[PDB]
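In: Only the shape, not the letters, is given here:
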Ligand SMILES: [Mg+2]
């Protein structure tokens, strides 16, 4: 019953959400390279959490009787200017994923692929948090600015991120 | 004491109530194909419920004495143009069943078969809900229309109905 | 993945399974007429049980993307020579169903439709138990023969079946 | 509000229920003598039930204003050929008492004493079970016939009746 | 389905049942003003109960596909001579109300509206208990006479009624 | 003690509280006649509550010895434009009755009838919640407006109210 088109559309978003994780992981290697262990953890946990959103979506596609192919994965950025510049790339990148989702939500309703539509809600519900929690840090990394005292303070705060 | 005409007239309503149930069963399959689980549930429970009407009357005919001969069952309509359409066909059908019963009611008067009269008062009452519950669900769909979000909101509501 | 060949073959099983139920309901009447209240009970439980064997399949097919259409149900044989002749029709009918199932399972391997193979193993098991639950009682009714009392004893046993 | 024609016709039905009670009580005596405890149990129970049916009407008459007088009660039969014949008298009398009620149902329709008509539907819906239980047993005693071992099985199954 | 003539005829009985409530509420106020709390309570319970009968019927109309329209309610009697005259009024009011329903029970049969006939059979029973309750009290207020210590006994006996 | 003027002014509030209840009931009929079962609930609950605001005061006047004369009640509005207009009429109406309480409260200060001034403080706190709960709704139906989906979402929410 699921459409040929939809399975294709979804297959790009599985293979995109895997790219998200591979990116954040690179950011962990960057935050590992400038001594920030909490930021490393936050990303290390982000890398895991994104992986599971693709796997939730992988499973769904297999449940509805669609076949999942996996295409190659691009080289993520290995370098940034500073912590603030990394989180500006995060915020921007999740906002692009936010719209990439809203498109599937539209495709699902145009086809009346209801089962899919309800399933995607979880990602419409999720992204609000990923956007807002990115921005919360982006605003703060500006407000803190060049002071290292407060940067290491926020470093420890993000070390306690789990799941 | 129970007349031969009654036993014939009833065996037809037992038979009719089973089709009334089978008809609801197919709508379930319909609503599954167009992805509406709660609309299907409603049907599932309705199929079950009408099947108990048939048994109620099955046992009455046996207790009263009459012998129950079962006729073959016709193939129900399997497709409808929209959910709205579907339920309009349901209302009409139960209004039709309301007629057949009100008839049997007068046939119990005009034979002076009081036992049967009183038995059938349940179905006189019962049908007041079947009409009303099905019309409420029609009205709603007309009021909703092609806003498919408002369709799902009601799909969930009908997902709750329980036996 | 489910091939159309299976979705057809299964819909036939469903429709045959529902006829199974409708047949015992007819026997429950028969056993109602001649006044064997446990024998009728036994049937009313098998009507119900066989009924749910059909909804198990219904949910599977629907859960797997196939489209379920409900065909016409044939009138059942409604009179038998005796309790023994009744129960010999049950045995031979269930021997026809047992065999009808093993033809599906073979198909399910040919289609390498493993999902359906495993789903059908429950129907294999449950036919061993209906074949032998029938033969326990066919044999007993012969052994009992025309002894009125034994019959009434066996009746009282059969009235304790609940599901 | 109640009429004197209606009050009068009721007191005979009360009377008539109490005789039904005495009659049955007299059967319990008979079934005692020929050495059947289970038919004595069945009778002693029906004795208590018929007796309660009258009181239900007694309280209704006293609730309606009317004054209840009690008349002398006839000697009930004391002897019967067989347990078979001793149930065929019960069928015939509970057939006559149903009839007796249906009259009282008609009386109320003419006088537009909807209060009484509406009260009597208990008895219309009750008397079904009274004719059926009676017939169900009547039919079984023909099937058994001269098998005393089966008579004592049926005897036992009628020993479990309560309240 | 449901006739126009019924939908108008039932909206009367709603109002009529709502008036039966307002009456019985104003009979409490009276008993209140002469110090009887048991008699007051009985009416306070009844006030709800007939209001309960009203909302039962309001629902049946709305269910059957009819529009309900609520008229203005008449000012009820405020005073009586005694307890006995109060409860002779209650017995006489319910008997008129009971006939008012037999009218609907017949009018239903006429329009072959078996769904209504059925629904109304509950009131036909119910009103049997209204008339018997009131007449049970009326006969008790006669036999008592002016025995104001019998009066206060019977007062307490009616303060054990409860609505549920 | 209680004054003649204070007892006159409370019969007015007892009789105005009832008209409020009768008004809310007639709004439950309006919301029923356009299919909104959650809104009808909300009005029925209100109908009941306001009636208990009356009886609370009905029992205070009787407790202080003063009499209760019950006048006739005006026919309330039957029809409205929309759900928004139906709740704009409610909000204006409860703000009339509030000001009306605020005049009585004064009447209690003026005359040094503190046992009443006290009693009424309960209405002074209540009307805040009567006005606020109405105003929170009035604002929502403007924001919603013609989106039938969100009309039905708000409808469902109201269906849960209970006292
Ligand atoms: Mg993401």
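Out: Great, that's in hand. Numbering: from 1, shown residues only, chains lettered A, B, ... in the order given.

In: What parts of chain A come near chain C?
Out: Counting by Cβ under 8 Å from any Cβ of the partner chain, the residues of chain A lying close to chain C are A:1-2, A:64-65. No exception for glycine: its C-beta is placed from N, CA and C like everyone else's.

In: Can you tell me which of those residues are buried?
Out: Neighbour-count burial (16 or more other Cβ atoms under 10 Å in any protein chain shown) is assigned, among the residues of chain A next to chain C, to A:2, A:64.

In: burial of the residue of chain A found nearest chain B, as a residue count?
Out: At 3.7 Å from chain B, residue A:114 is the closest residue in chain A, using Cβ to the nearest Cβ. Residue A:114 has 18 neighbours, counted by other Cβ atoms under 10 Å in any protein chain shown.

In: Does the helix or strand encompassing residue A:14 pack against any helices or strands, and if so which?
Out: Secondary-structure assignment from DSSP states H and E places residue A:14 in helix A:4-33. Helix A:4-33 sits against helix A:37-63, helix A:83-110, with contacts defined as 3 or more Cβ pairs under 8 Å, 6 or more residues apart in numbering or on different chains; DSSP states H and E.

In: go again using 10 Å as the cut-off
Out: Helices and strands touching helix A:4-33, as assessed by 3 or more Cβ pairs under 10 Å, 6 or more residues apart in numbering or on different chains; DSSP states H and E, comprise helix A:37-63, helix A:83-110, helix A:114-144.

In: can you tell if the second one touches chain B?
Out: Spelled out, that is helix A:83-110. Yes. Using Cβ under 10 Å from any Cβ of the partner chain, helix A:83-110 reaches chain B at A:108-110.

In: Isn't the residue of chain A closest to chain B up against residue B:152?
Out: Yes. Residue A:114 lies in contact with residue B:152 (Cβ atoms under 10 Å); the separation is 6.7 Å.

In: Name the residues contacting each of those two.
Out: Taking Cβ atoms under 10 Å, 6 or more residues apart in numbering or on different chains as the criterion, residue A:114 and residue B:152 both touch B:35-37.

In: neighbours around residue A:87, how many?
Out: Residues lying near residue A:87 (other Cβ under 10 Å) number 23.

In: Kindly report the same for the one 3 residues further on.
Out: Residue A:90 sits with 22 neighbouring residues when counted by other Cβ under 10 Å.

In: doesn't residue A:135 make contact with it?
Out: Yes. Using Cβ under 10 Å, residue A:90 is in contact with residue A:135, at 9.5 Å.

In: what about residue A:56, neighbour count?
Out: Using other Cβ under 10 Å as the criterion, the residues surrounding residue A:56 number 15.

In: Tell me how far whichever residue of chain A sits closest to chain F lies from residue C:47.
Out: When distances are taken as Cβ to the nearest Cβ, chain A reaches nearest to chain F at residue A:109, 13.1 Å away. The span separating residue A:109 from residue C:47 equals 43 Å under the rule Cβ to Cβ, to the nearest Å.

In: And those two? Which one has more around it.
Out: Using other Cβ under 10 Å as the criterion, residue A:109 and residue C:47 rank with residue C:47 on top: 19 against 15.

In: Check the spacing between residue A:46 and residue E:38 real quick.
Out: Relative to residue E:38, residue A:46 is positioned 74 Å away (Cβ to Cβ).

In: again with residue A:132
Out: Going from residue A:132 to residue E:38 by Cβ to Cβ gives 65 Å.

In: How about residue A:93?
Out: Relative to residue E:38, residue A:93 is positioned 78 Å away (Cβ to Cβ).

In: same check, this time on residue A:100
Out: Between residue A:100 and residue E:38 the distance is 75 Å, computed by Cβ to Cβ.

In: Show me what from chain A comes close to chain F.
Out: Near chain F, when you scan chain A using Cβ under 10 Å from any Cβ, you find nothing.

In: Quickly find the element holding residue A:77.
Out: Short version, using DSSP H and E: residue A:77 is in no helix or strand.

In: Could you pull up the residues touching it?
Out: Residue A:77 makes contacts with A:23, A:26-27, A:30, A:86, A:89, as judged by Cβ under 10 Å, 6+ apart.

In: Try it again at 7 Å.
Out: residue A:26 (Cβ atoms under 7 Å, 6 or more residues apart in numbering or on different chains).

In: same deal with residue A:120?
Out: With contact set as Cβ under 7 Å, 6+ apart, residue A:120 has these partners: A:101, A:104-105, A:108.

In: of all of chain A, which residue lies closest to chain D?
Out: When scored by Cβ to the nearest Cβ, chain A has residue A:114 as its residue closest to chain D, at 47.3 Å.

In: burial measure for residue A:27, as a count.
Out: As a burial measure, residue A:27 scores 25 neighbours (other Cβ under 10 Å).

In: Oh, that last question was meant for residue A:152, not what I typed.
Out: Here the neighbour count serves as a burial measure; for residue A:152 (other Cβ under 10 Å) it reads 14.

In: Just the element for it, please.
Out: Assessed by DSSP H and E, residue A:152 sits inside helix A:148-159.

In: which residues touch that helix?
Out: Residues outside helix A:148-159 that contact it (Cβ under 7 Å, 6+ apart) are A:36-39, A:41-42, A:83, A:140, A:144.

In: Now flag whichever of the residues you listed is closest to chain C.
Out: Sorting these by how near they are to chain C, with Cβ to the nearest Cβ, puts residue A:42 at the top with 39.7 Å.

In: That closest one against residue A:161, yeah?
Out: Yes. Taking contacts as Cβ atoms under 7 Å, residue A:42 lies within contact range of residue A:161: 5.0 Å.

In: Which of these two has more residues huddled nearby?
Out: When residue A:42 and residue A:161 are compared on other Cβ under 10 Å, the one with more neighbours turns out to be residue A:42, at 24 against 16.

In: hang on, the earlier thing: contacting chain A as well, which ones from the shared contacts of residue A:114 and residue B:152?
Out: Of the entries in the shared contacts of residue A:114 and residue B:152, those that also sit close to chain A under the rule Cβ under 7 Å from any Cβ of the partner chain are B:35-36.

In: between the shared contacts of residue A:114 and residue B:152, which has the most around it?
Out: Counting neighbours by other Cβ under 10 Å, residue B:36 comes out on top of these with 25 neighbours.

In: Next, count neighbours for the residue nearest to that one when sequence neighbours are not counted.
Out: The shortest distance from residue B:36 to any residue other than its chain neighbours is 5.1 Å, reached at residue B:155 (Cβ to Cβ, 6 or more residues apart in numbering or on different chains). Residue B:155 has 22 neighbouring residues, counting by other Cβ under 10 Å.

In: same question, residue A:106
Out: Residue A:106: 11 surrounding residues under other Cβ under 10 Å.

In: ditto for residue A:97
Out: The tally of other residues near residue A:97 (other Cβ under 10 Å) stands at 21.

In: who are the neighbours in contact with it?
Out: By Cβ under 7 Å, 6+ apart, residue A:97 lies in contact with A:20, A:127.

In: With residue A:78 instead?
Out: Residues near residue A:78 by Cβ under 7 Å, 6+ apart: residue A:26.

In: how far away is it from chain C?
Out: When distances are taken as Cβ to the nearest Cβ, to the nearest Å, residue A:78 and chain C turn out to be 41 Å apart.

In: For that residue, give me phi and psi.
Out: For residue A:78, the backbone dihedrals (degrees, to the nearest 10) come out as phi -90, psi -10.

In: Tell me the spacing between whichever residue of chain A sits closest to chain E and chain C.
Out: Closest residue of chain A to chain E, Cβ to the nearest Cβ: residue A:114 (31.2 Å). Look at residue A:114 and chain C: by Cβ to the nearest Cβ, they are 14 Å apart.
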